[PDB]
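Only one structure is covered here, and it is reproduced in the block below.
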Amino acid sequence: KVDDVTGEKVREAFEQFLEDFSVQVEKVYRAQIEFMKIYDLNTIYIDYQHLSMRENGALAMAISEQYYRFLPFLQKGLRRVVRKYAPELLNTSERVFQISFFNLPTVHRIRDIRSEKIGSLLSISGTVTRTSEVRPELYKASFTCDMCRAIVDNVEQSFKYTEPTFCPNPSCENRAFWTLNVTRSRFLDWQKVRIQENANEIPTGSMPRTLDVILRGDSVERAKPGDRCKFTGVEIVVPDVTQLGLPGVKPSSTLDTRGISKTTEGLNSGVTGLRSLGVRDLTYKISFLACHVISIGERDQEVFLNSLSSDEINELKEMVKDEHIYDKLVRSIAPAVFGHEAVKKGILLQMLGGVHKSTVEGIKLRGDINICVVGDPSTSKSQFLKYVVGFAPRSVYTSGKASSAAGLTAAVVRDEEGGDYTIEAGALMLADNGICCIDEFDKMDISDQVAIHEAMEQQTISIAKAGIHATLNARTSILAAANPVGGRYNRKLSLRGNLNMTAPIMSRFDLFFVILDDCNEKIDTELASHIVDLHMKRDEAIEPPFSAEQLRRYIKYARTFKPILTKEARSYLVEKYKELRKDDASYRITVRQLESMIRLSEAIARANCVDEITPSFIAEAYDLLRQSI
Amino acid sequence: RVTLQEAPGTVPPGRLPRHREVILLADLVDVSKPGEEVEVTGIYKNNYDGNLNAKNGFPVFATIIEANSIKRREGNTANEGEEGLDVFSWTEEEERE
Amino acid sequence: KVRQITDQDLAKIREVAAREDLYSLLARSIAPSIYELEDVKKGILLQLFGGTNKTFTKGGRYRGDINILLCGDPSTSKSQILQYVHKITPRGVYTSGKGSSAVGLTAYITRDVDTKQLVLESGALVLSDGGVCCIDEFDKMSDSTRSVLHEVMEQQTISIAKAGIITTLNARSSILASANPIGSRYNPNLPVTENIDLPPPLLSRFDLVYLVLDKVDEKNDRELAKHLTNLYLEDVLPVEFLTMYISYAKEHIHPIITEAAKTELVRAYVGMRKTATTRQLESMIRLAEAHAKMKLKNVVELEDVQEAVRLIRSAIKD
Ligand SMILES: Nc1ncnc2c1ncn2[C@@H]1O[C@H](COP(=O)(O)OP(=O)(O)O)[C@@H](O)[C@H]1O
Ligand SMILES: Nc1ncnc2c1ncn2[C@@H]1O[C@H](COP(=O)(O)OP(=O)(O)O)[C@@H](O)[C@H]1O
Ligand SMILES: [Zn+2]
């Protein structure tokens with residue numbers, strides 16, 4: 001049989017690259033193969049820059065230009081390397097291996113795709129707009145002769161169902177009538193994703209171009225719709241298999257539901273002559289096959305302590321030790337604003353959160369803190385929302401009036417590509433286990449105010465219309481910003497008269513914060529000076545005790561704790577509830593206030609990294625409740 | 001034959017659901033009703049389809065589930081515990097109690 | 001059918017920038033037909049450059065776009081002014097706000113016509129990224145689409161979550177709008193709010209608001225009619241220098257602030273506080289840094305802050 005000579009040179013060069021690189025002598029690729037052996041992985045990663053220094057690019061350019069023809073030899077050399085250095089990775093519980101290339105020198109756009117790079121190794125960038133299911137693809141087929149019962153195996157398939165031709169070892173003559181042994185055959189994961197051009201590469205007036213990218217193996221589901229991803233792989237061409245004689249009658253010679261373009265009728269150049277085609281004409285289209293994908297656009301203490309490094313672990317425990325830590329944390333929140341320390345403390349308590357409990361009877365007790373901040377304009381109420389949405393994970397930002405049909409809770413919309421009713425997501429739904437920052441909270445629609453009557457307390461949304469019936473989930477905290485009715489706060493009317501919310505909605509907010517500015521000669525100078533110290537030095541203007549990352553780590557570490565209540569804490573709690581109820585006189589104070597006080601005490605306890613609750617914490621929570629009523 | 005979509009609670013917020021086909025044999029027909037939420041134990045199988053290979057352009061296969069067991073979960077939050085296919089059914093000693 | 005500037009262009013740009021009064025020349029060049037209304041042209045010339053833009057890690061991005069709203073009596077020449085500034089700017093869109101889709105200025109997931117597929121089409125605010133977006137007939141824009149502009153002028157990003165796609169785009173544009181009142185005249189006695197039919201926050205968030213007035217004055221009426229008829233009678237304005245100068249100032253130049261600006265700015269804000277919200281000072285800073293980009297410089301001084309405060313107080317006068 002005819003063999004290749006350049007392929008052999010590439011095969012030995014790849015083996016030498018794998019065995020010899022060692023540049024960090026660490027044997028980085030042998031380290032990777034050992035890591036695969038211990039972790040039972042099925043894909044290897046090869047960097048282009050690492051290969052870009054051996055043979056002065058003679059191997060790298062040879063691989064890049066003719067990746068399609070050189071891949072079989074690369075896998076063959078990898079098999080020998082695996083056998084020589086790690087036989088355990090030669091068999092499964094054989095592992096079909098994959099090679100992933102990345103860090104290519106130059107990137108291409110979708111509009112640079114020409115037929116003269118077909119078969120070459122490229123990298124492309126685009127925004128994903130559709131993904132499909134993970135279907136199984138037939139890789140190594142196995143059949144049995146109908147008469148002999150002889151077994152054939154490892155029948156390669158390119159683009160269509162291919163059965164063997166000439167029978168195995170006897171005298172039997174047979175051209176067809178095989179039976180696939182679906183159990184013995186090997187399968188692989190398969191996914192098709194649609195991408196389009198980026199917003200900047202699109203010209204002033206353009207209909208965006210599209211492409212079909214094929215993800216296979218371990219690369220499935222790594223690209224999600226709406227994201228911006230950089231793919232790398234080989235540019236291939238895909239024929240029309242329907243006119244290549246598919247076995248079944250199901251294709252029925254290109255059955256169609258829509259009319260094809262008359263403009264390209266006869267203009268699309270189709271080749272004829274082949275016996276399999278018959279008198280038909282074969283057509284081609286360009287698609288992409290990707291091997292590597294990148295994106296360019298747990299409250300358990302024991303497992304948490306494992307991930308962090310030793311320096312981080314010691315720094316965290318030294319941070320915990322000091323007793324002033326609490327006073328520091330309230331200063332680290334939003335270091336780009338002046339004043340409003342109470343707002344910072346409230347935001348920190350909200351981010352820390354409270355414990356969620358379930359009773360034996362099955363009723364759920366809420367553990368989310370809701371905050372409402374009100375005041376007259378130009379009081380930096382909208383800076384806190386931006387800080388939270390930038391710093392808090394799984395947080396969303398929204399306004400009172402929403403343009404979307406599912407404004408804040410949910411909507412029912414028919415399937416765009418299916419025969420069922422689906423459910424869209426509102427801002428409350430998109431914030432499960434997260435903070436929702438609502439701005440201009442006054443101008444909400446009444447059908448939404450009544451709808452939020454369930455999300456704040458039961459943390460669910462329940463709809464029942466013609467199409468679908470469901471009980472959705474909204475376990476989200478709410479940080480709301482509102483303006484007084486009439487334009488300006490009045491310092492003799494209460495919160496109720498100045499605000500517009502009803503007693504149902506008003507009683508579901510854990511904390512109310514009224515922030516007021518005053519026009520005096522001296523404070524205005526300080527505020528102006530502070531706001532203008534920026535815009536000359538962007539970084540040295542503000543200096544907090546802790547950076548963003550230290551605070552982000554401390555919050556995650558503190559949320560692992562779950563405090564309990566002591567014996568005297570319960571007595572102090574009931575005494576304070578009784579005193580508050582007496583002082584109210586039942587119009588504004590209910591059981592929900594006691595539950596909120598419990599939540600605030602638990603959050604304050606989480607702040608100090610203590611697993612027991614002291615009556616001082618209940619006193620602090622009581623003071624915080626009294627300050628807002 | 002029935003089609004099972006993913007439950008809205010399970011689906012990540014804002015993503016499209018997925019669906020699969022389930023074959024119900026004798027003694028299991030009409031147990032599940034259109035609109036209910038169900039849990040099915042079964043066998044996951046594959047089969048060759050000409051249209052699927054023709055449209056996609058690769059030798060991909062179709063999948064389907066042959067149902068073995070059916071459990072209703074419409075309105076049930078006690079699924080955290082309990083054992084069996086129906087927690088509202090009783091045994092002889094339970095009736096005697 | 002039907003960038004890469006040369007060194008000689010650089011030299012001529014420098015020598016023209018060395019002019020004694022660059023402000024007034026391009027004040028008159030942008031709208032040759034418009035007579036008087038020099039102050040609104042001053043504001044538009046300052047807008048077309050924009051203050052410097054910055055995004056530091058801790059505080060986050062701070063805006064550097066100037067928003068201008070023109071309103072007043074119904075038969076002035078604001079629409080021609082907008083169509084003038086449309087052409088000068090490199091990348092911009094001129095679409096009226098009378099109707100169209102509620103997300104017509106942002107992304108709208110639509111079914112493709114040629115193929116039964118899905119295409120994500122951006123709107124007019126996204127398509128004006130890095131430039132000036134002109135809105136006409138601002139008063140007819142619907143109550144539901146207005147909120148979209150609210151997220152554009154506050155966070156400069158638009159998020160779309162439909163058909164399984166959840167993503168965010170970038171607006172980063174500047175809004176110049178023109179509106180009309182209710183009735184045939186803007187009576188000065190009644191305040192602005194009733195006539196313009198616009199929410200107080202939307203009017204407030206505009207950096208500069210100009211009132212165009214038309215009073216029956218013999219001198220002004222005769223002078224207007226005279227040059228109008230002279231234009232109809234058949235018998236110092238650069239053609240494309242503005243576009244190249246704008247591109248040079250927008251793509252290479254980034255000014256800074258010095259303590260000379262500190263001393264004037266703090267005391268000016270305090271003196272204005274002798275009902276000026278904190279928005280006012282961040283409006284003065286943007287205008288001063290945009291003026292600094294003009295009369296080509298690399299740092300702000302007293303002249304820029306004086307011009308900015310003069311402009312923002314002449315705006316207050318109306
Ligand atoms: N430390 C501060 N104190 C008061 N105001 C500030 C401070 N820092 C920034 N600001 C101003 O507050 C504005 C934030 O918007 P904001 O007043 O919250 O809008 P709204 O009141 O409509 O929600 C910024 O434009 C900024 O100019
Ligand atoms: N100051 C002015 N200079 C030149 N032409 C003017 C002036 N004021 C009004 N006009 C004339 O009046 C008309 C104004 O129409 P336009 O302003 O476009 O309508 P709208 O009021 O809808 O903006 C123009 O045709 C213009 O010739
Ligand atoms: Zn045989």
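In the structure tokens, the first chain shown is A, the next is B, and so on; residue numbers restart at 1 for each chain, and ligands run from 1 in the order shown.
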Excluding residue 7 of chain B and its own-chain neighbours fewer than 3 positions away, which residues fall within 9 Å of it when counting only C-alpha atoms? Please give them as a VMD selection string. (chain A and resid 470) or (chain B and resid 4 10 to 11 17 37)
Would you save the residues of that selection, restricted to N, CA and C atoms, as a compact mmCIF listing (two decimals), in the first residue's frame?
# COMPACT_ATOMS: atom_id res chain seq x y z
N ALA A 470 -47.70 27.06 36.07
CA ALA A 470 -46.44 26.75 36.73
C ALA A 470 -46.31 27.57 38.00
N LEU B 4 -41.88 14.85 26.92
CA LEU B 4 -41.54 15.47 28.20
C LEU B 4 -40.64 16.67 27.96
N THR B 10 -36.57 23.73 37.01
CA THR B 10 -35.26 23.16 36.73
C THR B 10 -34.48 23.97 35.70
N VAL B 11 -35.15 24.49 34.68
CA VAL B 11 -34.51 25.25 33.61
C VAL B 11 -33.83 26.48 34.19
N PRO B 17 -35.92 25.46 26.94
CA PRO B 17 -36.02 24.11 27.49
C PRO B 17 -35.68 23.05 26.45
N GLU B 37 -46.83 17.34 35.96
CA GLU B 37 -45.39 17.20 36.06
C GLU B 37 -45.08 15.84 36.65
Cut-off 9 Å, only C-alpha atoms and all ligand atoms, neighbours of ligand 1 as a PyMOL selection string: (chain A and resi 336-340+375-385+439-440+481-483+517+527-528+530-531) or (chain C and resi 154+201+204-205+277-283)
Deliver the residues from the most recent selection as a file, using C-alpha atoms, as a CSV table (one decimal), in the first residue's frame.
chain,number,residue,atom,x,y,z
A,336,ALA,CA,-16.3,56.1,45.8
A,337,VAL,CA,-19.0,58.0,47.8
A,338,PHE,CA,-19.0,60.5,50.6
A,339,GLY,CA,-21.0,60.0,53.7
A,340,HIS,CA,-24.0,57.6,54.3
A,375,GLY,CA,-34.5,60.8,49.4
A,376,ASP,CA,-34.6,63.9,47.4
A,377,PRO,CA,-32.7,64.1,44.1
A,378,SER,CA,-28.9,64.3,43.7
A,379,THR,CA,-28.2,62.3,46.9
A,380,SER,CA,-26.1,59.6,45.2
A,381,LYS,CA,-28.9,57.0,45.6
A,382,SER,CA,-28.1,55.6,42.1
A,383,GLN,CA,-24.4,55.1,42.8
A,384,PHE,CA,-25.1,52.5,45.5
A,385,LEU,CA,-27.1,50.5,43.0
A,439,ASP,CA,-34.7,52.1,40.5
A,440,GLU,CA,-37.6,54.6,40.1
A,481,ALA,CA,-34.7,53.3,45.4
A,482,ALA,CA,-37.6,55.7,45.6
A,483,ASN,CA,-38.4,59.4,45.5
A,517,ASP,CA,-29.0,66.6,51.9
A,527,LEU,CA,-18.7,67.4,48.8
A,528,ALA,CA,-17.5,69.4,45.8
A,530,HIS,CA,-14.3,65.2,47.2
A,531,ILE,CA,-16.1,64.8,43.9
C,154,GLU,CA,-27.6,56.2,33.0
C,201,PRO,CA,-36.1,63.3,35.5
C,204,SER,CA,-33.1,67.0,34.4
C,205,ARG,CA,-30.6,64.4,33.1
C,277,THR,CA,-27.7,69.9,42.2
C,278,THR,CA,-24.4,68.0,42.1
C,279,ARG,CA,-25.2,67.2,38.5
C,280,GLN,CA,-24.2,70.8,37.7
C,281,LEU,CA,-20.6,70.4,38.7
C,282,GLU,CA,-20.1,67.2,36.7
C,283,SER,CA,-21.7,69.1,33.8
Identify every residue of chain C that has at least one atom within 6 Å of any atom of chain A, counting only C-alpha atoms, and report the result as number ranges by chain. C: 59, 144, 165-167, 257, 277
Check every protein, DNA and RNA residue against ligand 3, keep those with an atom at most 12 Å away (counting only C-alpha atoms and all ligand atoms), and present them as a CSV table (one decimal) with N, CA and C atoms, in the first residue's frame.
chain,number,residue,atom,x,y,z
A,143,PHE,N,-20.8,-4.2,12.1
A,143,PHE,CA,-21.9,-4.8,11.4
A,143,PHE,C,-21.7,-6.4,11.5
A,144,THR,N,-22.8,-7.1,11.1
A,144,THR,CA,-22.8,-8.5,11.0
A,144,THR,C,-23.4,-8.9,9.7
A,145,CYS,N,-22.7,-9.8,8.9
A,145,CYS,CA,-23.2,-10.3,7.7
A,145,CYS,C,-24.5,-11.1,8.0
A,146,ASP,N,-25.5,-11.0,7.1
A,146,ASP,CA,-26.8,-11.6,7.4
A,146,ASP,C,-26.6,-13.1,7.3
A,147,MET,N,-25.8,-13.6,6.4
A,147,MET,CA,-25.7,-15.1,6.1
A,147,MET,C,-24.6,-15.7,6.9
A,148,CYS,N,-23.4,-15.2,6.8
A,148,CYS,CA,-22.2,-15.8,7.5
A,148,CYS,C,-22.3,-15.6,9.0
A,149,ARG,N,-22.9,-14.4,9.4
A,149,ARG,CA,-22.9,-13.9,10.8
A,149,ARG,C,-21.6,-13.4,11.1
A,150,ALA,N,-20.7,-13.2,10.1
A,150,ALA,CA,-19.3,-12.6,10.4
A,150,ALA,C,-19.4,-11.2,10.9
A,151,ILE,N,-18.5,-10.8,11.7
A,151,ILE,CA,-18.5,-9.5,12.4
A,151,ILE,C,-17.5,-8.6,11.7
A,152,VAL,N,-17.9,-7.4,11.3
A,152,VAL,CA,-17.0,-6.4,10.8
A,152,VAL,C,-17.0,-5.2,11.8
A,164,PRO,N,-20.3,-1.8,5.1
A,164,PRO,CA,-19.2,-2.4,4.4
A,164,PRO,C,-19.6,-3.0,3.1
A,165,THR,N,-18.6,-3.3,2.3
A,165,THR,CA,-18.9,-3.9,0.9
A,165,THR,C,-18.5,-5.3,0.8
A,166,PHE,N,-17.2,-5.6,0.8
A,166,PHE,CA,-16.8,-6.9,0.5
A,166,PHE,C,-16.7,-7.7,1.8
A,167,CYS,N,-17.3,-8.9,1.8
A,167,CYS,CA,-17.4,-9.6,3.0
A,167,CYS,C,-16.1,-10.1,3.5
A,168,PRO,N,-16.0,-10.5,4.8
A,168,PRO,CA,-14.8,-10.8,5.6
A,168,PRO,C,-13.9,-12.0,5.2
A,169,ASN,N,-14.0,-13.1,5.8
A,169,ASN,CA,-13.0,-14.1,5.6
A,169,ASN,C,-13.3,-15.4,4.8
A,170,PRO,N,-14.5,-15.6,4.4
A,170,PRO,CA,-14.8,-16.8,3.7
A,170,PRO,C,-15.0,-16.8,2.2
A,171,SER,N,-16.0,-17.6,1.8
A,171,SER,CA,-16.4,-17.7,0.4
A,171,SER,C,-17.6,-16.8,0.2
A,172,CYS,N,-18.3,-16.6,1.2
A,172,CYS,CA,-19.6,-15.8,1.0
A,172,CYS,C,-19.5,-14.5,0.3
A,173,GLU,N,-20.4,-14.4,-0.7
A,173,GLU,CA,-20.5,-13.2,-1.6
A,173,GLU,C,-21.7,-12.4,-1.1
A,174,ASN,N,-21.5,-11.1,-0.9
A,174,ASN,CA,-22.6,-10.2,-0.3
A,174,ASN,C,-22.1,-8.8,-0.5
A,175,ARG,N,-23.0,-8.0,-1.1
A,175,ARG,CA,-22.8,-6.6,-1.3
A,175,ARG,C,-23.5,-5.7,-0.3
A,176,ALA,N,-24.5,-6.2,0.4
A,176,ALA,CA,-25.4,-5.4,1.2
A,176,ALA,C,-26.1,-6.2,2.3
A,177,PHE,N,-27.2,-5.7,2.8
A,177,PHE,CA,-28.0,-6.4,3.8
A,177,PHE,C,-27.1,-6.7,5.1
A,178,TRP,N,-26.7,-5.7,5.7
A,178,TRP,CA,-26.0,-5.8,7.0
A,178,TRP,C,-26.9,-5.4,8.1
A,179,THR,N,-26.4,-5.6,9.4
A,179,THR,CA,-27.2,-5.3,10.6
A,179,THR,C,-26.3,-4.6,11.5
Can you pull out every residue within 9 Å of residue 307 of chain C, counting only C-alpha atoms, but drop anything in the same chain fewer than 5 positions away, and send it as a ChimeraX atom specification? /C:287-288,291,302,312
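Any residue of chain B with an atom within 8 Å of chain C counts; using only C-alpha atoms, that gives residues 14, 15 and 16 of chain B.
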Contact residues around residue 119 of chain C with only C-alpha atoms at 7 Å, ignoring same-chain residues under 3 positions, as a ChimeraX atom specification: /C:109-112
Please, could you write that set of residues out with C-alpha atoms as a short mmCIF file (atom, residue, chain, number, x, y, z; two decimals), in the first residue's frame?
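Just written: part_4.cif:
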data_model
loop_
_atom_site.label_atom_id
_atom_site.label_comp_id
_atom_site.auth_asym_id
_atom_site.auth_seq_id
_atom_site.Cartn_x
_atom_site.Cartn_y
_atom_site.Cartn_z
CA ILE C 109 -34.56 39.87 17.87
CA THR C 110 -36.33 39.31 14.55
CA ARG C 111 -37.00 36.40 12.23
CA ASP C 112 -34.86 36.52 9.10
#
Neighbours of ligand 2 within 7 Å, counting only C-alpha atoms and all ligand atoms, as a PyMOL selection string? chain C and resi 33-36+74-80+224+228
If I take atom CA of residue 3 of chain B and atom CA of residue 73 of chain B, how far is one from the other in Å, to one decimal? 16.6 Å
Return as a tab-separated table the residues of chain A lying at most 9 Å from chain B, together with the closest atom-to-atom pair for each and the distance in Å to one decimal, counting only C-alpha atoms, with rows in chain order and ascending residue number.
residue	atom	partner	partner_atom	distance
A:133	CA	B:18	CA	7.7
A:135	CA	B:60	CA	6.6
A:136	CA	B:60	CA	5.8
A:137	CA	B:60	CA	4.5
A:138	CA	B:59	CA	5.8
A:139	CA	B:59	CA	8.6
A:157	CA	B:59	CA	7.8
A:158	CA	B:58	CA	7.7
A:159	CA	B:58	CA	4.9
A:160	CA	B:59	CA	5.4
A:161	CA	B:59	CA	5.9
A:182	CA	B:46	CA	8.1
A:190	CA	B:60	CA	7.9
A:192	CA	B:56	CA	8.6
A:225	CA	B:15	CA	8.6
A:238	CA	B:57	CA	7.4
A:239	CA	B:57	CA	7.8
A:240	CA	B:57	CA	7.1
A:241	CA	B:54	CA	6.1
A:242	CA	B:54	CA	5.5
A:246	CA	B:50	CA	7.3
A:247	CA	B:50	CA	7.6
A:248	CA	B:50	CA	5.8
A:249	CA	B:50	CA	7.8
A:250	CA	B:50	CA	5.7
A:251	CA	B:51	CA	5.7
A:254	CA	B:54	CA	8.8
A:362	CA	B:78	CA	7.5
A:422	CA	B:17	CA	8.2
A:423	CA	B:8	CA	7.7
A:424	CA	B:14	CA	6.4
A:425	CA	B:14	CA	5.4
A:426	CA	B:14	CA	8.6
A:429	CA	B:13	CA	6.4
A:430	CA	B:13	CA	5.6
A:431	CA	B:13	CA	8.4
A:432	CA	B:13	CA	8.1
A:468	CA	B:35	CA	7.8
A:469	CA	B:35	CA	7.7
A:470	CA	B:8	CA	7.2
A:471	CA	B:9	CA	7.7
A:472	CA	B:9	CA	5.9
A:473	CA	B:9	CA	6.5
Selection file, C-alpha atoms, as a PDB file, in the first residue's frame:
ATOM      1  CA  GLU A 133     -29.072  19.290  21.692  1.00  0.00           C
ATOM      2  CA  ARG A 135     -26.810  14.221  19.927  1.00  0.00           C
ATOM      3  CA  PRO A 136     -24.785  11.004  19.611  1.00  0.00           C
ATOM      4  CA  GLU A 137     -22.656  10.700  16.460  1.00  0.00           C
ATOM      5  CA  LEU A 138     -21.579   7.364  14.993  1.00  0.00           C
ATOM      6  CA  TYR A 139     -17.779   7.075  15.104  1.00  0.00           C
ATOM      7  CA  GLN A 157     -17.937   7.064   8.248  1.00  0.00           C
ATOM      8  CA  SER A 158     -17.430  10.524   6.775  1.00  0.00           C
ATOM      9  CA  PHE A 159     -20.782  12.247   6.205  1.00  0.00           C
ATOM     10  CA  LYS A 160     -23.393   9.510   5.692  1.00  0.00           C
ATOM     11  CA  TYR A 161     -24.371   6.043   6.884  1.00  0.00           C
ATOM     12  CA  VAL A 182     -25.494  -0.557  17.948  1.00  0.00           C
ATOM     13  CA  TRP A 190     -22.290  16.208  18.729  1.00  0.00           C
ATOM     14  CA  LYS A 192     -24.274  22.492  16.207  1.00  0.00           C
ATOM     15  CA  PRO A 225     -26.414  31.876  23.326  1.00  0.00           C
ATOM     16  CA  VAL A 238     -19.908  19.835   3.815  1.00  0.00           C
ATOM     17  CA  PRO A 239     -21.731  18.264   0.843  1.00  0.00           C
ATOM     18  CA  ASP A 240     -25.441  17.638   0.391  1.00  0.00           C
ATOM     19  CA  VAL A 241     -25.887  14.011   1.440  1.00  0.00           C
ATOM     20  CA  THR A 242     -29.530  13.777   0.332  1.00  0.00           C
ATOM     21  CA  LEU A 246     -29.145   7.853   1.466  1.00  0.00           C
ATOM     22  CA  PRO A 247     -30.399   4.315   2.252  1.00  0.00           C
ATOM     23  CA  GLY A 248     -33.855   5.127   3.565  1.00  0.00           C
ATOM     24  CA  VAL A 249     -36.836   6.372   1.606  1.00  0.00           C
ATOM     25  CA  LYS A 250     -37.329   9.036   4.294  1.00  0.00           C
ATOM     26  CA  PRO A 251     -35.167  11.651   2.448  1.00  0.00           C
ATOM     27  CA  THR A 254     -35.021  16.478  -1.201  1.00  0.00           C
ATOM     28  CA  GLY A 362     -43.003  21.971  55.242  1.00  0.00           C
ATOM     29  CA  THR A 422     -42.754  28.762  27.027  1.00  0.00           C
ATOM     30  CA  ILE A 423     -42.140  31.278  29.839  1.00  0.00           C
ATOM     31  CA  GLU A 424     -39.954  34.367  29.592  1.00  0.00           C
ATOM     32  CA  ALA A 425     -37.908  35.715  32.496  1.00  0.00           C
ATOM     33  CA  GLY A 426     -38.457  39.000  34.292  1.00  0.00           C
ATOM     34  CA  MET A 429     -36.613  35.723  37.948  1.00  0.00           C
ATOM     35  CA  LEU A 430     -33.160  36.489  36.515  1.00  0.00           C
ATOM     36  CA  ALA A 431     -31.918  37.234  40.036  1.00  0.00           C
ATOM     37  CA  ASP A 432     -32.489  33.913  41.827  1.00  0.00           C
ATOM     38  CA  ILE A 468     -49.180  26.991  30.755  1.00  0.00           C
ATOM     39  CA  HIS A 469     -49.527  26.595  34.530  1.00  0.00           C
ATOM     40  CA  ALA A 470     -46.438  26.755  36.728  1.00  0.00           C
ATOM     41  CA  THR A 471     -45.045  27.836  40.096  1.00  0.00           C
ATOM     42  CA  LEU A 472     -41.866  29.761  39.301  1.00  0.00           C
ATOM     43  CA  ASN A 473     -39.016  30.582  41.696  1.00  0.00           C
TER      44      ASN A 473
END
Would you compute the distance between atom CA of residue 23 of chain B and atom CA of residue 2 of chain B? Give it in Å to one decimal. 6.5 Å
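Atom pair atom CA of residue 20 of chain A / atom CA of residue 218 of chain A: separated by 27.2 Å.
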8 Å contact set for residue 285 of chain C, only C-alpha atoms, chain neighbours under 5 positions out, as JSON, numbers by chain: {"C": [51, 305, 308]}
Would you list, as a VMD selection string, the residues of segment 41-158 of chain C that end up in alpha helix (DSSP H) under DSSP run on this structure's backbone? chain C and resid 41 to 47 78 to 88 143 to 152
Excluding same-chain residues fewer than 3 positions from residue 67 of chain B, what lies within 7 Å of it counting only C-alpha atoms, as a VMD selection string? chain B and resid 22 to 24 40 to 43
Within segment 196-296 of chain C, find each residue whose DSSP state, derived from the backbone, is strand (DSSP E), and express the selection as a PDB file with N, CA and C atoms, in the first residue's frame.
ATOM      1  N   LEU C 208     -27.312  70.023  28.753  1.00  0.00           N
ATOM      2  CA  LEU C 208     -27.675  71.386  28.375  1.00  0.00           C
ATOM      3  C   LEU C 208     -29.082  71.385  27.799  1.00  0.00           C
ATOM      4  N   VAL C 209     -29.904  72.321  28.253  1.00  0.00           N
ATOM      5  CA  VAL C 209     -31.249  72.518  27.725  1.00  0.00           C
ATOM      6  C   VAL C 209     -31.331  73.959  27.235  1.00  0.00           C
ATOM      7  N   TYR C 210     -31.707  74.135  25.972  1.00  0.00           N
ATOM      8  CA  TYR C 210     -31.820  75.451  25.363  1.00  0.00           C
ATOM      9  C   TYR C 210     -33.276  75.747  25.031  1.00  0.00           C
ATOM     10  N   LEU C 211     -33.700  76.975  25.308  1.00  0.00           N
ATOM     11  CA  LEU C 211     -35.023  77.451  24.927  1.00  0.00           C
ATOM     12  C   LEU C 211     -34.877  78.431  23.770  1.00  0.00           C
ATOM     13  N   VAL C 212     -35.494  78.100  22.643  1.00  0.00           N
ATOM     14  CA  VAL C 212     -35.501  78.962  21.467  1.00  0.00           C
ATOM     15  C   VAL C 212     -36.785  79.778  21.482  1.00  0.00           C
TER      16      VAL C 212
END
Give me the residues within 9 Å of residue 352 of chain A as a ChimeraX atom specification, counting only C-alpha atoms and dropping any in the same chain fewer than 3 places off. /A:347-349,555-556,558-559,603-604,606-607
